[PDB]
Amino acid sequence: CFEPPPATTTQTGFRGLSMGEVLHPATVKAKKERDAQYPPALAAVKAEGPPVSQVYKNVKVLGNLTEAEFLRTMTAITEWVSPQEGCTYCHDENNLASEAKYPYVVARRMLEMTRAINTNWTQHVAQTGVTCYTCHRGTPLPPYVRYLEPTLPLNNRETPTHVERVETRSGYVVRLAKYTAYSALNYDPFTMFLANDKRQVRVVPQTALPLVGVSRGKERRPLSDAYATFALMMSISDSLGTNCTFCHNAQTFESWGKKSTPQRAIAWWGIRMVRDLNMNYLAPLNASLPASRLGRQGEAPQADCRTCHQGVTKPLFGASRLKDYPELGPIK
Amino acid sequence: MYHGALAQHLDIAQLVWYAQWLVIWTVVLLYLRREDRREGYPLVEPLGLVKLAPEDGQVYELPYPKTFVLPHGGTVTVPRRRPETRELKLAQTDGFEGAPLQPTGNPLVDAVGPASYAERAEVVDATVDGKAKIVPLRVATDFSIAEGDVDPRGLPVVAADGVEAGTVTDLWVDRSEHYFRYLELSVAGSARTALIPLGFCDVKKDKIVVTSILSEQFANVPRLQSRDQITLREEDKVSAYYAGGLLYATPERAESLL
Amino acid sequence: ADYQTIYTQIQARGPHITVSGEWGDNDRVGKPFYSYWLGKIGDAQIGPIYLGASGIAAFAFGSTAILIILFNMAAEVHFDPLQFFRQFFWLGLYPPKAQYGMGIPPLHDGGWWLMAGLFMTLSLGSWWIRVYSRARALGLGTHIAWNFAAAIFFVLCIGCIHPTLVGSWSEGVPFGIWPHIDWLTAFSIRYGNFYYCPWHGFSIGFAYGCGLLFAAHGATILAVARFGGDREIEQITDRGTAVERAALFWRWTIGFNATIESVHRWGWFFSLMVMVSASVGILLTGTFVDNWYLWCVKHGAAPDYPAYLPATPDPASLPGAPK
Amino acid sequence: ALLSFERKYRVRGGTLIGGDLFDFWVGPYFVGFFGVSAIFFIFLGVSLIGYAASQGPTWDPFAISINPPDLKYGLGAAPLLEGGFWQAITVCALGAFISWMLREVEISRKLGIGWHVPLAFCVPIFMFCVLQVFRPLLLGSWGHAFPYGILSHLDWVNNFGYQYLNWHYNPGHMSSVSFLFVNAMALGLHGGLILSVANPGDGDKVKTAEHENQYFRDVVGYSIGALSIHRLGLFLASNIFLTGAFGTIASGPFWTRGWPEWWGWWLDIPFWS
Ligand code: BCB
Ligand code: BCB
Ligand code: BCB
Ligand SMILES: C/C=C1/c2cc3[nH]c4c(c3C)C(=O)[C@H](C(=O)OC)c4c3nc(cc4[nH]c(cc(n2)[C@@H]1C)c(C(C)=O)c4C)[C@@H](C)[C@@H]3CCC(=O)OC/C=C(/C)CCC[C@H](C)CCC[C@H](C)CCCC(C)C
Ligand SMILES: C/C=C1/c2cc3[nH]c4c(c3C)C(=O)[C@H](C(=O)OC)c4c3nc(cc4[nH]c(cc(n2)[C@@H]1C)c(C(C)=O)c4C)[C@@H](C)[C@@H]3CCC(=O)OC/C=C(\C)CCC[C@H](C)CCC[C@H](C)CCCC(C)C
Ligand SMILES: CC(C)=CCC/C(C)=C/CC/C(C)=C/CC/C(C)=C/CC/C(C)=C/CC/C(C)=C/CC/C(C)=C/CC1=C(C)C(=O)c2ccccc2C1=O
Ligand code: HEC
Ligand code: HEC
Ligand code: HEC
Ligand code: HEC
Ligand SMILES: CC(C)=CCC/C(C)=C/C=C/C(C)=C/C=C/C(C)=C/C=C\C=C(C)\C=C\C=C(/C)CC/C=C(/C)CCCC(C)C
Ligand SMILES: CCCCCCCCCCCC[N+](C)(C)[O-]
Ligand SMILES: CCCCCCCCCCCC[N+](C)(C)[O-]
Ligand SMILES: CCCCCCCCCCCC[N+](C)(C)[O-]
Ligand SMILES: [Fe+3]
């Protein structure tokens, strides 16, 4: 039922506004240990010889690197993505330039994607950056991905019960609830807000009185839109292991300035970045993946806030490999 | 343009705000607080002598009289002239206007302070169809004690000083609400009956504890006019008697608990 | 201590009284039975029940409404009875999700909701004239019915009057345990934080005061039970020491006091004002105010606070930001 | 000065401390020792309010706010401008409330009536302590308590609630709200009933206890009776805070997640998961 004291608390607003984080030490310790498994950086190698664009035969992304640098990248990629499977997960044993295995081509675009993240989305990932480990956590299928319909469990490393299985229709309401921090909110915030940029998440007017021309009948957005973004926010809060107060002063959810924290701005950029990643990198991969990876509508697994953050306000408590692997961004 | 906007920085909701406060204070001040004055008004002073004309504020604070037509004949109009006739045996502790009064004689018999009774009607409260509402079980023979509860008839009454003071002979019941309100008891050693409100009764299986008064004080419990019915004033007289005991039964009960 | 205020020590039994009404005396059904444990903290007699035309009209319409809700709920768990019990609080009947304006919504998107709403409304109207007519049959004032009318009016406000005034059924309250709860945040979020709606404040003020008054009144009557203060009707018509002492308790405490009758007017008025104030608030919401916080800022009422972490410009308004 | 029936009750005695020394009235007000302490604490309190407010930005009653310290000061004294005023005012409030309650027992003893009212008044004093004292003790800072401002205290209720994503799902809250609603209802019903019996109107005659119970039996099949509705009323009102207190104290010290998630104990039973 309950969690024993004490509680660690933080302050995020003026004294008296009851704004901050309320964390259970046990839980933070568990998440810290889980994230500490992040493999250390491989030793640096000194750049010798020609670029690998002139030695190997099929390198299009990492051609700038020397041979020792490049091979260091490959063992890091293996450590982060397919530690248990090894090099052969992406390669033919006797033709390292063969693209015959689907992980090879995906890995190529994953390289372009994570380089893109560390260059174009610094407004969100800052100096920390992301590596393949950030999402994959040492397996080829990342533990926390989303389809166009909600699935349980959130961690696809756990085995589903019969009700949790997506084809069992009696368990839809529960699949949806566990995505929105257990609320009865009847909206899937991922397909509404994170899969593409079609929908606006802001819903509350920026004037005291209702503007004539947007305020009556079919001119009005339905109230469901307000439910929907509540759901998205519940889901965001859960994905980072935090509450509304981390980003908002509930006195006015719609206001910035003194009514918001810098983390709200960063979260704003995170929405934009997740939309880019889904629309332009992860969603088109249904052409390149086997049918066992796709969802029930031929969709590839896509990313949300949880994919990186996994219940922590910074992914892996801020661990970074950025300076250790320049090849992964930012690129001038 | 804006729904609800009015000329020069007014809007509808701002007006309703003012309206709502006005409505509230109107009901509270002009209606409720005057209803509150249907008893005990007009107030009394160190003799308000202006006998020729009334002072203006005493007319303004009162509502127009209302008349209740009572169910078994009669009317009552409130507010009305209702001064306390009875000689109160109290004396002024000091000259200050709000200083307390001291009892001059024996405050239980003299019915002052917590032993005071209201001057209610000397009539018996009636059932919906005219019968006496509060009657003892010798009369109300279709009423019983409920299966499971102590039957107090026979049990002794122990007063505050641990002394057996009498024997419960009967229970008086409310025939309108099906609720026992008094026990009748014989006062040992004086060959009279006395009523006790159940609220002063700790009902045990072997005795009835009564901490409000001493054993000797059961002698002067007000007597009823009749054996088998009681009037509203008598109910006040009886109930007030024990309540007086909470403060007066011993000298030590009036002084500070610490 | 007066133990009679805690529970009845010696219960009484006696023949069941029936007060004759101007009509419907034959429509009382059932035989009274008595509960001993109930009788320790109340009146032991349960039943009989009056059973007029309106009472049945109410049960008819209410059960229709309940059935419409329950079958839609069951449809949400594809009729699995075990998941139905497990997920019951999360299941609901929702108003239209899409904007149809005032158009009658498709059954799969709020038509069923609309119809449950009609049949509940009819049930409330039927029960209302039951509450009213019973009072006149027994020759009593219509005080309760008017208090109850305010309660029904408030439900109509959140259920359909407010949707009508802004012109979208999508703003109705869903049926369901958690779903009707979720609406409160969705509504408050849409309209700029209900803490800044003065009529919310009024409602709360009266709702809390109902706590204050009933605690105060209940405690007062119990403190004067020894003098019969529970027999409040005859203490109105013939002031006894009970209400004398009750009035002097308060007069010496707060400087003024009521009568035994007027405290009931106070309480009746406060409970009424919870629903009247709530109704004004909803009627003004959406129709004439869009964001209650900005309305309070517009009129200089909102408090403000220094930044703690740095003030944060809305990134959407920085030059060259994505949409 | 005096109600027509008042003078016979206005006798000496029933005090808890001081005997005759403070046993007197001033206008209608009984004083007693706890009247004196009440006024003391009130004076001290509203003085400290006024000093604190003048050192602040505005004088608009809606926007004044005396706030507790930052969390970093834990349970120590804070500088007076940055939480000290709030600490002093809280003590003065508790002085005033407890004085007020004890004043009421004295008045009760003098009239020879039950102490039910000061008793009932303990539960809001208790609930105030849950919010300003006990819950900040358990969390370790005074800064978790709420600020003294007409509107600023709502901003604290607001954010506090949203610290747990949807406070409506708090089971202590669910209980508390349900008592708040049914208590308001019952007071309507009770007051409505009493007036309907004494005020049928049209010159028709006043009715009777039997009529009271007959009405409720007829409409809902049961009538709890005259005395009991008052006992139930005090019970219903009091349980608004008595149960809500648990939901408040749980939030933070015994639960750090969102309140909807708490219902996993039910939803996630393996037998139907
Ligand atoms: C856990 C949640 C709480 C809460 C949540 C809350 C909400 C959501 C709302 C209020 C509202 C109110 N609250 Mg608040 N509150 C208040 C007082 C108030 C009033 C400003 C107002 C209406 C009160 C009312 O009618 O009650 C019934 C009592 C009655 C009717 C008797 C009359 C009371 C009188 C109006 C009290 C006025 C107090 C003075 C303004 C302050 C004292 C001044 C000093 C200098 C003497 C006090 C004095 C306290 C204390 C000491 O604990 C308190 C604690 C709480 N409130 C907790 C923090 N309260 C409403 C409001 O409109 O605020 C802007 C409102 O919407
Ligand atoms: C995050 C969102 C919040 C919110 C959202 C909210 C909304 C949207 C509305 C309120 C409203 C109200 N809020 Mg508020 N609120 C309140 C208190 C209150 C109430 C006093 C007031 C009136 C509601 C009511 O009494 O209905 C109880 C009574 C009801 C519902 C009447 C029922 C009567 C009916 C005849 C019963 C019949 C039922 C049938 C027997 C069953 C049949 C059904 C079957 C057939 C299906 C407090 C004390 C607090 C605190 C301490 O924080 C708070 C905070 C919040 N409110 C947050 C700001 N609140 C209302 C209001 O006043 O707005 C101005 C309102 O519309
Ligand atoms: C977004 C956040 C919300 C929220 C957050 C919230 C929190 C954080 C807490 C509550 C609490 C409560 N909420 Mg809730 N809330 C409530 C209702 C309630 C109350 C029943 C309950 C108790 C309030 C209290 O503790 O008073 C406190 C009152 C006090 C202390 C009275 C002090 C009186 C004092 C002794 C004397 C004061 C005297 C004056 C100074 C003297 C001056 C007078 C003049 C005349 C001289 C309703 C009906 C709703 C609706 C309709 O949605 C709602 C929604 C919300 N609540 C939103 C979801 N609410 C409390 C609770 O019990 O939670 C389980 C609570 O801690
Ligand atoms: C401030 C003002 C308050 C207020 C005031 C008032 N509220 C009143 C009156 C006043 C004045 C009435 O006189 C009337 C009544 O009748 O009281 C005895 C009534 C009502 N307020 C009810 C519920 C409620 N008030 C709520 C709120 C507020 N109200 C606000 C807070 C809430 C909240 C908070 O959500 C709820 C859920 C119902 C009990 C009742 C209507 C039944 C109905 O409309 O039929 C609906 C038809 C049905 C078939 C539903 C059947 C089930 C229900 C529970 C009814 C079962 C009763 C049945 C007779 C049991 C028999 C068993 C027997 C054999 C042993
Ligand atoms: C379930 C229990 C219910 C309940 C019960 C009962 N309620 C009672 C009794 C019972 C039994 C009485 O016997 C007593 C009384 O006499 O009745 C007239 C009383 C009373 N209920 C009052 C207020 C009340 N009841 C509330 C709630 C409930 N009550 C709940 C619902 C609420 C809210 C917020 O809901 C309020 C505001 C006062 C009017 C009165 C105390 C006067 C006092 O104490 O004098 C002494 C104090 C003063 C005159 C002022 C002191 C100023 C200090 C020093 C400085 C101010 C500091 C302050 C903290 C600043 C806050 C700022 C603010 C904006 C945040
Ligand atoms: C100046 C100085 C040194 C003075 C010394 C003496 C001294 C200590 C004075 C105190 C001065 C102070 C602090 C005064 C403030 C008084 C206060 C706190 C007033 C608050 C009043 C408020 C807002 C009350 C809210 C409750 C409310 C709406 C009550 C209205 C109706 C009333 C009066 C109910 C009380 C009441 C109830 C509850 C009954 O049940 C009952 C039953 C039968 C007869 C009468 C009554 C009755 O009067
Ligand atoms: C998928 C997650 C991979 C794992 C695990 C390993 N490799 Fe790899 N490799 C991968 C890609 C997508 C590419 C193309 C790179 C580009 O910039 O386009 C490569 C390339 C190589 C090469 C260059 C050979 C050539 O194309 O001629 C070599 C020599 C190579 N990889 C070796 C290698 C080893 C030794 C690995 C285990 C330590 C290993 N790779 C793992 C994808 C993936
Ligand atoms: C989150 C923003 C990611 C980062 C950073 C990287 N990957 Fe990824 N990858 C991600 C998703 C959501 C998916 C879809 C699920 C899936 O299993 O396809 C993938 C997929 C892959 C694959 C295909 C594996 C398979 O389907 O069996 C490979 C080989 C892969 N990813 C490799 C890879 C590398 C090498 C990365 C760093 C250069 C990398 N990914 C980053 C999410 C994310
Ligand atoms: C940061 C990691 C956040 C947390 C935790 C919560 N919210 Fe949020 N919210 C955030 C952003 C960046 C935005 C703007 C998104 C955009 O694309 O513009 C929002 C928006 C809202 C809104 C809408 C405000 C508007 O202008 O219409 C609401 C009502 C809202 N957020 C509420 C809310 C609640 C209740 C939360 C706790 C459950 C919460 N948010 C958490 C960032 C973050
Ligand atoms: C991997 C590509 C990510 C995804 C998807 C999301 N976030 Fe993220 N976030 C990521 C990194 C590497 C960092 C850097 C940590 C640092 O030290 O700056 C962040 C940071 C945040 C923060 C800042 C937290 C703080 O304590 O300052 C927030 C509030 C945040 N991220 C929110 C957020 C949301 C709401 C997302 C889904 C829209 C999201 N992030 C996705 C990496 C990734
Ligand atoms: C012109 C025509 C077509 C349109 C007008 C129709 C009209 C007047 C519609 C009105 C609709 C209205 C008033 C809607 C209001 C809906 C509201 C306030 C719903 C609120 C709450 C609903 C709840 C809590 C329902 C929950 C449902 C259940 C628990 C399942 C039902 C079973 C029960 C036993 C109900 C018990 C409820 C409770 C006592 C436990
Ligand atoms: C609980 C919310 C209460 C908010 C109170 C805000 C009232 C605003 C109206 C103020 C009067 C108008 N004016 C002209 C002074 O600005
Ligand atoms: C916010 C709700 C407003 C409730 C208003 C109730 C206030 C009662 C005021 C009592 C007035 C007493 N007196 C003697 C001055 O008239
Ligand atoms: C303008 C807002 C007023 C809020 C309600 C205040 C209640 C007033 C009670 C004070 C009256 C005290 N008095 C004089 C009756 O003893
Ligand atoms: Fe009463």
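Chain C residue numbers are taken from Swiss-Prot; in order, the displayed residues are 2-324.
A Cβ is built for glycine as well, from the same backbone N, Cα and C atoms used for every other residue.
Membrane topology as recorded by Swiss-Prot puts C:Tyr51 and C:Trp184 on two different faces. The least crowded of the binding-site residues C:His181, C:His201, C:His218, C:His265, judged by other CB atoms within 10 A of its own CB, is C:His181. Sequence-remote contacts of a segment are chain residues at least 6 beyond its ends whose Cβ falls under 8 Å from one of its Cβ atoms, and for the topological domain 'Cytoplasmic' (C:224-259) they are 3, 5-6, 265, 267. Set side by side, the binding-site residues C:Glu233, C:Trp251 differ in how many other CB atoms lie within 10 angstroms of their CB, and the most is found at C:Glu233. In the three-state DSSP scheme, C:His181 ((7R,8Z)-bacteriochlorophyll b binding site) falls into the helix class.
Non-local neighbours of the topological domain 'Periplasmic' (C:77-110) in the same chain are 69-70, 117, 164-165, 168-181; each lies 6+ residues outside the stretch with a CB under 8 Å from one of its CB atoms. Rounded to the nearest whole angstrom, the C-alpha distance between C:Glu233 (Fe cation binding site) and C:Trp251 (ubiquinone binding site) is 17. Ranked by Cα separation from C:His218 (Fe cation binding site), the binding-site residues C:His181, C:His201, C:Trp251 are led by C:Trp251. Sequence-distant contacts of the topological domain 'Cytoplasmic' (C:138-142) (same chain, at least 6 residues past either end, Cβ-Cβ under 8 Å): 20, 22-25.
The topological domain 'Periplasmic' (C:77-110): residue composition by secondary structure is 13 helix, 1 strand, 20 coil, according to DSSP.
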